[PDB]
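Student: Would you mind keeping the following structure in view while I ask a few things?
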Amino acid sequence: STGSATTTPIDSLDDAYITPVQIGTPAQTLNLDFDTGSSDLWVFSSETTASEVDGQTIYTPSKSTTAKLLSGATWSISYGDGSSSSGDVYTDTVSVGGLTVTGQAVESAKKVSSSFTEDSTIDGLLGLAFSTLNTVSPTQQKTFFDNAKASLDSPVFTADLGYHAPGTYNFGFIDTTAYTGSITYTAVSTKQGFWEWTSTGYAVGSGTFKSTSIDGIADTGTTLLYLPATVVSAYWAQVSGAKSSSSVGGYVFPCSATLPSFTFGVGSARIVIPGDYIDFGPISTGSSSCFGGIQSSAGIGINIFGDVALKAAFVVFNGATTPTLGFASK
C-alpha cells in the first residue's frame, strides 16, 4: 500500500504545516501537524477542557463506531518549545492520504497548553519519530508509520515541504518526479528516538564550504533551523545590522536586509536554503526588526534541522531495519 497527502502551511510564514487525517467511522477529518521529532498521535477531542478549545476541530470518539477506549492508558507530553498536552487513549481507524491503519492509538487530549489553544489551525499532532519516544503509559504505543510499515510497498515516508506553498507527505514510495538530481542517503542514530544524523558542514552565501560534523535531528515539527552558536554567528555576521537580542529571544535583523543563502552538507552533497527562507518577518506587527530563521541551539542540547532546512529538500525517512535519511534538491 501507499498514501499521499498534501500538507499546507498554517500561515504566511510557514510556521507549521497541517495535513488532513481521517479518524474513526464515519471519518472525522482533523488537520494534524506531522512531527518527525515526536511519537504521539494526539488530538483535540470532545474530552478537551472546554476553555482550552478555541476553534479547533475535535475528535469525538463516541461518534466513531470503530473507537475503543484503551483501558487504563494515559499520555502526557512536553515539547521542546515548552508546550504540553495530556489525556487518555482510544484505538481507532486512521487514514492518511488513502493509507489506512486499524487499531491506531489516538491520544485524546483532556488538557492542552495555551500555545495549542491559541492556534486554531492545528487540531493535534501526528508523531513520526521512533516509537520508543511514545508517551502512552503503562503500555507504549506505536506511531502511525510503525503500524503501517509492514503493509507499505517500501518502509519509507517522504517529506516535501513547500516554501510559502503546499507540499506533500508520501508513505510507502519515492516519487522520483518530486526532486532533481539524486538522493543522498546518510546514517541515522535512533539512540535518542529521533531521526538523528550528522551533516558534513555548511556554507554562508557564496562563501567557502566549512567541513565540520554537525549532529542534529530532522524535525518537521520545528519551524526553524537550530545550529551551534559558532555556525549561527558566522551566518548573521553576513547580514548588516543583525544581532542576537536577549529580549526578543534570538537573532533579529533589519527587515530591509537581503539575506544570504545557507548551505548544509549531506555527505558530499549540498542542500541550499535560499535567503528568503530565513526571513520570519517582523518581531511584532509593524516593526522593522525581523526574526531570523537560523538560531542558536546552545540552549536546547541538540541541533535541529527544522522546517527552514527541510523545506529546501526532498527528504526520505527510510524506516528499514537500519534506518537512514535521504536528501535531494528540488
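By order of appearance in the C-alpha cells: chains A, B, ..., then residues from 1 within every chain, and ligands from 1 in the order shown.
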Can you list, as a list in words, every protein, DNA or RNA residue that comes within 12 Å of residue 197 (chain A) when you count only C-alpha atoms, leaving out same-chain residues fewer than 6 positions away?

Tutor: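 Once the adjacent positions are removed, what remains is residues 185, 186, 187, 188, 189, 190, 191, 213, 214, 215, 216, 217, 218, 219, 265, 266, 267, 302, 303, 304, 305, 317, 323, 324, 325, 326 and 327 of chain A.
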
Student: Do you know which residues are at most 10 Å from residue 98 (chain A) counting only C-alpha atoms, after dropping those on the same chain fewer than 4 positions away, and could you put them as a PyMOL selection string?

Tutor: chain A and resi 1-5+21-22+94+171

Student: Figure out the distance between CA of residue 32 (chain A) and CA of residue 130 (chain A), please, to one decimal in Å.

Tutor: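 Spanning CA of residue 130 (chain A) to CA of residue 32 (chain A) is a straight-line distance of 17.9 Å.
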
Student: Excluding residue 10 (chain A) and any residue of its chain fewer than 5 positions from it, enumerate the residues within 9 Å of it, using only C-alpha atoms, and give them as a ChimeraX atom specification.

Tutor: /A:15-18,121-122

Student: Go ahead and dump the residues you just picked, N, CA, C and O atoms, as a PDB file, in the first residue's frame.

Tutor:
ATOM      1  N   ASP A  15       4.888  28.789   9.621  1.00  0.00           N
ATOM      2  CA  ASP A  15       5.232  28.462  11.000  1.00  0.00           C
ATOM      3  C   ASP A  15       5.060  26.979  11.290  1.00  0.00           C
ATOM      4  O   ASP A  15       5.741  26.430  12.164  1.00  0.00           O
ATOM      5  N   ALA A  16       4.161  26.322  10.577  1.00  0.00           N
ATOM      6  CA  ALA A  16       3.921  24.899  10.720  1.00  0.00           C
ATOM      7  C   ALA A  16       3.103  24.507   9.507  1.00  0.00           C
ATOM      8  O   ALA A  16       2.623  25.363   8.754  1.00  0.00           O
ATOM      9  N   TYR A  17       2.929  23.204   9.341  1.00  0.00           N
ATOM     10  CA  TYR A  17       2.196  22.632   8.227  1.00  0.00           C
ATOM     11  C   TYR A  17       1.150  21.671   8.767  1.00  0.00           C
ATOM     12  O   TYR A  17       1.404  20.933   9.724  1.00  0.00           O
ATOM     13  N   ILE A  18      -0.035  21.700   8.175  1.00  0.00           N
ATOM     14  CA  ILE A  18      -1.120  20.818   8.571  1.00  0.00           C
ATOM     15  C   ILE A  18      -1.499  19.897   7.426  1.00  0.00           C
ATOM     16  O   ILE A  18      -1.532  20.303   6.255  1.00  0.00           O
ATOM     17  N   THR A 121      -5.592  26.539  14.029  1.00  0.00           N
ATOM     18  CA  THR A 121      -5.388  25.819  12.782  1.00  0.00           C
ATOM     19  C   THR A 121      -4.860  24.406  12.971  1.00  0.00           C
ATOM     20  O   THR A 121      -4.874  23.630  12.009  1.00  0.00           O
ATOM     21  N   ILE A 122      -4.383  24.058  14.162  1.00  0.00           N
ATOM     22  CA  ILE A 122      -3.751  22.765  14.412  1.00  0.00           C
ATOM     23  C   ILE A 122      -4.644  21.977  15.358  1.00  0.00           C
ATOM     24  O   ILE A 122      -4.866  22.379  16.505  1.00  0.00           O
TER      25      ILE A 122
END

Student: Counting only C-alpha atoms, what is within 12 Å of region 252-256 of chain A, bar same-chain residues fewer than 3 positions away, as a PyMOL selection string?

Tutor: chain A and resi 232-233+235-249+259+276+278-284+286-295

Student: Output the selection as a CSV table (one decimal), in the first residue's frame - N, CA, C and O atoms for each residue.

Tutor:
chain,number,residue,atom,x,y,z
A,232,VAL,N,25.9,29.8,13.7
A,232,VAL,CA,24.9,30.8,13.6
A,232,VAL,C,25.5,32.2,13.6
A,232,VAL,O,25.0,33.1,12.8
A,233,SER,N,26.5,32.4,14.4
A,233,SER,CA,27.2,33.7,14.4
A,233,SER,C,27.8,34.0,13.0
A,233,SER,O,27.8,35.1,12.5
A,235,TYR,N,26.8,33.0,10.2
A,235,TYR,CA,25.7,33.3,9.2
A,235,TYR,C,25.3,34.8,9.4
A,235,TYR,O,25.3,35.6,8.4
A,236,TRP,N,24.9,35.2,10.6
A,236,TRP,CA,24.4,36.5,10.8
A,236,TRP,C,25.4,37.6,10.7
A,236,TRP,O,25.0,38.8,10.5
A,237,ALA,N,26.7,37.3,10.8
A,237,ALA,CA,27.7,38.3,10.6
A,237,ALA,C,27.7,38.8,9.2
A,237,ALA,O,28.3,39.8,8.9
A,238,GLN,N,27.1,38.1,8.2
A,238,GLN,CA,27.0,38.5,6.9
A,238,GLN,C,25.8,39.3,6.6
A,238,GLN,O,25.5,39.6,5.4
A,239,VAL,N,25.0,39.7,7.6
A,239,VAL,CA,23.8,40.5,7.5
A,239,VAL,C,24.0,41.8,8.2
A,239,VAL,O,24.0,41.8,9.5
A,240,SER,N,24.1,42.9,7.5
A,240,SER,CA,24.4,44.2,8.2
A,240,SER,C,23.3,44.5,9.2
A,240,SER,O,22.1,44.5,8.8
A,241,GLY,N,23.7,44.8,10.4
A,241,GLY,CA,22.7,45.2,11.4
A,241,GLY,C,22.1,44.0,12.2
A,241,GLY,O,21.3,44.2,13.1
A,242,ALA,N,22.4,42.8,11.8
A,242,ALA,CA,21.8,41.6,12.5
A,242,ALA,C,22.5,41.5,13.9
A,242,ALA,O,23.7,41.8,14.0
A,243,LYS,N,21.8,41.1,14.9
A,243,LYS,CA,22.3,40.9,16.2
A,243,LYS,C,21.5,39.9,17.0
A,243,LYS,O,20.3,39.7,16.7
A,244,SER,N,22.0,39.3,18.0
A,244,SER,CA,21.3,38.5,18.9
A,244,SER,C,20.7,39.4,20.0
A,244,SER,O,21.4,40.1,20.7
A,245,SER,N,19.4,39.3,20.1
A,245,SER,CA,18.6,40.0,21.1
A,245,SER,C,18.1,39.1,22.2
A,245,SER,O,17.3,38.2,22.0
A,246,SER,N,18.6,39.3,23.4
A,246,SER,CA,18.2,38.6,24.6
A,246,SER,C,16.7,38.8,24.8
A,246,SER,O,15.9,37.9,25.2
A,247,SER,N,16.2,40.1,24.6
A,247,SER,CA,14.9,40.4,24.9
A,247,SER,C,13.9,39.8,23.9
A,247,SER,O,12.8,39.3,24.3
A,248,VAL,N,14.3,39.7,22.7
A,248,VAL,CA,13.4,39.1,21.7
A,248,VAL,C,13.5,37.5,21.7
A,248,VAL,O,12.5,36.8,21.5
A,249,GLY,N,14.7,37.0,22.1
A,249,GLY,CA,14.9,35.6,22.1
A,249,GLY,C,15.6,35.0,21.0
A,249,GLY,O,15.4,33.8,20.7
A,259,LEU,N,18.8,38.6,2.7
A,259,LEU,CA,19.5,37.6,3.4
A,259,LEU,C,20.3,36.7,2.5
A,259,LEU,O,19.8,36.3,1.4
A,276,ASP,N,15.6,33.9,1.4
A,276,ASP,CA,14.2,34.2,1.7
A,276,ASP,C,13.7,33.3,2.7
A,276,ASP,O,12.8,33.7,3.5
A,278,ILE,N,14.8,32.2,5.3
A,278,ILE,CA,15.4,32.5,6.6
A,278,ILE,C,14.7,33.7,7.2
A,278,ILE,O,15.0,34.1,8.4
A,279,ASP,N,13.8,34.4,6.5
A,279,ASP,CA,13.1,35.6,6.9
A,279,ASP,C,11.8,35.1,7.6
A,279,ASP,O,10.9,34.6,6.9
A,280,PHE,N,11.6,35.4,8.9
A,280,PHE,CA,10.4,35.1,9.6
A,280,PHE,C,9.7,36.4,10.0
A,280,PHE,O,8.7,36.3,10.8
A,281,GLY,N,10.0,37.5,9.4
A,281,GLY,CA,9.1,38.7,9.4
A,281,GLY,C,9.3,39.5,10.7
A,281,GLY,O,10.0,39.2,11.6
A,282,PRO,N,8.5,40.5,10.7
A,282,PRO,CA,8.6,41.5,11.9
A,282,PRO,C,8.4,40.8,13.2
A,282,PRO,O,7.5,39.9,13.4
A,283,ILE,N,9.2,41.2,14.2
A,283,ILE,CA,9.1,40.6,15.5
A,283,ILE,C,7.7,40.9,16.2
A,283,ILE,O,7.2,40.1,17.0
A,284,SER,N,7.1,42.0,15.8
A,284,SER,CA,5.8,42.4,16.2
A,284,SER,C,5.2,43.2,15.0
A,284,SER,O,6.0,43.7,14.2
A,286,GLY,N,4.2,45.7,12.4
A,286,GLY,CA,4.7,47.0,12.1
A,286,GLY,C,6.2,47.2,12.4
A,286,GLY,O,6.7,48.3,12.1
A,287,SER,N,6.9,46.3,13.1
A,287,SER,CA,8.3,46.5,13.4
A,287,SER,C,9.1,46.4,12.2
A,287,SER,O,8.8,45.6,11.3
A,288,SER,N,10.2,47.1,12.2
A,288,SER,CA,11.2,47.0,11.1
A,288,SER,C,12.4,46.0,11.6
A,288,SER,O,13.4,45.9,10.8
A,289,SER,N,12.2,45.4,12.7
A,289,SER,CA,13.1,44.3,13.1
A,289,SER,C,12.5,43.0,12.8
A,289,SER,O,11.3,42.7,13.2
A,290,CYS,N,13.2,42.1,12.1
A,290,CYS,CA,12.7,40.9,11.6
A,290,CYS,C,13.4,39.7,12.4
A,290,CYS,O,14.5,39.8,12.8
A,291,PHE,N,12.6,38.6,12.5
A,291,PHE,CA,13.2,37.5,13.3
A,291,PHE,C,13.8,36.5,12.3
A,291,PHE,O,13.3,36.1,11.3
A,292,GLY,N,15.0,36.0,12.7
A,292,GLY,CA,15.8,35.1,11.9
A,292,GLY,C,15.3,33.7,11.9
A,292,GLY,O,14.9,33.2,13.0
A,293,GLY,N,15.5,33.0,10.8
A,293,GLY,CA,15.1,31.6,10.7
A,293,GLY,C,16.2,30.6,11.1
A,293,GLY,O,16.0,29.4,11.1
A,294,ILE,N,17.4,31.1,11.3
A,294,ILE,CA,18.6,30.3,11.8
A,294,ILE,C,18.9,30.9,13.2
A,294,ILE,O,19.1,32.1,13.3
A,295,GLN,N,18.9,30.0,14.2
A,295,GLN,CA,19.0,30.4,15.6
A,295,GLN,C,20.0,29.4,16.3
A,295,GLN,O,20.2,28.3,15.8

Student: Please report the interatomic distance between CA of residue 170 (chain A) and CA of residue 41 (chain A) in Å with one decimal.

Tutor: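 According to the coordinates, CA of residue 170 (chain A) and CA of residue 41 (chain A) are separated by 17.4 Å.
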
Student: Please, what distance in Å, to one decimal, runs between CA of residue 128 (chain A) and CA of residue 330 (chain A)?

Tutor: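 Going from CA of residue 128 (chain A) over to CA of residue 330 (chain A) covers 22.4 Å.
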
Student: Can you tell me which residues surround residue 91 (chain A) at a distance of at most 9 Å, considering only C-alpha atoms, apart from same-chain residues fewer than 6 positions away, and format the answer as an MDAnalysis selection string?

Tutor: chainID A and resid 66:70 102:107

Student: Quick one: everything within 6 Å of residue 108 (chain A), counting only C-alpha atoms, minus sequence neighbours fewer than 5 positions away in the same chain. Send it as a compact mmCIF listing (two decimals) with N, CA, C and O atoms, in the first residue's frame.

Tutor:
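Final file, around_14.txt:
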# COMPACT_ATOMS: atom_id res chain seq x y z
N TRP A 42 -1.86 12.71 18.85
CA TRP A 42 -2.81 13.23 19.81
C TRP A 42 -3.68 14.29 19.15
O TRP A 42 -3.25 14.97 18.21
N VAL A 43 -4.91 14.38 19.64
CA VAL A 43 -5.92 15.24 19.03
C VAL A 43 -6.71 16.00 20.08
O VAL A 43 -6.96 15.52 21.19
N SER A 45 -10.24 16.97 21.32
CA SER A 45 -11.32 16.00 21.38
C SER A 45 -12.51 16.54 22.16
O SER A 45 -12.46 17.62 22.76
N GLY A 87 -3.81 13.32 28.28
CA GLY A 87 -5.16 12.79 28.25
C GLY A 87 -5.19 11.28 28.33
O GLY A 87 -4.32 10.65 28.95
N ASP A 88 -6.23 10.71 27.72
CA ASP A 88 -6.43 9.26 27.66
C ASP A 88 -6.33 8.81 26.21
O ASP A 88 -5.93 9.57 25.33
N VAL A 89 -6.64 7.54 25.95
CA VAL A 89 -6.25 6.94 24.68
C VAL A 89 -7.38 6.06 24.18
O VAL A 89 -7.95 5.27 24.93

Student: Could you give me, as a PyMOL selection string, each residue of region 44-276 of chain A that DSSP assigns to strand (DSSP E) when run on this structure's backbone?

Tutor: chain A and resi 68-78+84-96+99-112+124-127+156-160+167-171+184-187+196-204+210-218+225-227+243-245+250-254+262-266+269-273

Student: Can you pull out every residue within 10 Å of region 109-111 of chain A, counting only C-alpha atoms, but drop anything in the same chain fewer than 5 positions away, and send it as a PyMOL selection string?

Tutor: chain A and resi 42-53+58-59+74-76+84-89+116-117+124

Student: Can I get the selected residues back with C-alpha atoms, as a PDB file, in the first residue's frame?

Tutor:
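In the end it all went to again-v5.pdb:
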ATOM      1  CA  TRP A  42      -2.814  13.232  19.815  1.00  0.00           C
ATOM      2  CA  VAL A  43      -5.921  15.235  19.031  1.00  0.00           C
ATOM      3  CA  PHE A  44      -8.203  17.880  20.371  1.00  0.00           C
ATOM      4  CA  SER A  45     -11.317  15.997  21.377  1.00  0.00           C
ATOM      5  CA  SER A  46     -14.741  16.037  22.973  1.00  0.00           C
ATOM      6  CA  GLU A  47     -12.803  15.370  26.203  1.00  0.00           C
ATOM      7  CA  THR A  48     -10.639  18.501  25.984  1.00  0.00           C
ATOM      8  CA  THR A  49     -11.345  21.059  28.707  1.00  0.00           C
ATOM      9  CA  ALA A  50     -13.819  23.386  27.021  1.00  0.00           C
ATOM     10  CA  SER A  51     -11.962  26.603  27.879  1.00  0.00           C
ATOM     11  CA  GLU A  52      -8.857  25.178  26.165  1.00  0.00           C
ATOM     12  CA  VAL A  53     -10.619  24.687  22.808  1.00  0.00           C
ATOM     13  CA  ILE A  58     -12.325  17.925  17.686  1.00  0.00           C
ATOM     14  CA  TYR A  59     -12.378  14.146  17.583  1.00  0.00           C
ATOM     15  CA  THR A  74      -2.837   7.783  29.685  1.00  0.00           C
ATOM     16  CA  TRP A  75      -0.375  10.072  27.976  1.00  0.00           C
ATOM     17  CA  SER A  76       1.419  13.303  28.763  1.00  0.00           C
ATOM     18  CA  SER A  84       2.399  20.284  26.558  1.00  0.00           C
ATOM     19  CA  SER A  85      -0.756  18.194  26.484  1.00  0.00           C
ATOM     20  CA  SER A  86      -2.162  15.091  28.165  1.00  0.00           C
ATOM     21  CA  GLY A  87      -5.160  12.786  28.251  1.00  0.00           C
ATOM     22  CA  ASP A  88      -6.431   9.262  27.663  1.00  0.00           C
ATOM     23  CA  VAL A  89      -6.253   6.936  24.679  1.00  0.00           C
ATOM     24  CA  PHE A 116      -2.113  24.868  21.397  1.00  0.00           C
ATOM     25  CA  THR A 117      -5.380  26.552  22.390  1.00  0.00           C
ATOM     26  CA  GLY A 124      -3.337  17.826  17.036  1.00  0.00           C
TER      27      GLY A 124
END
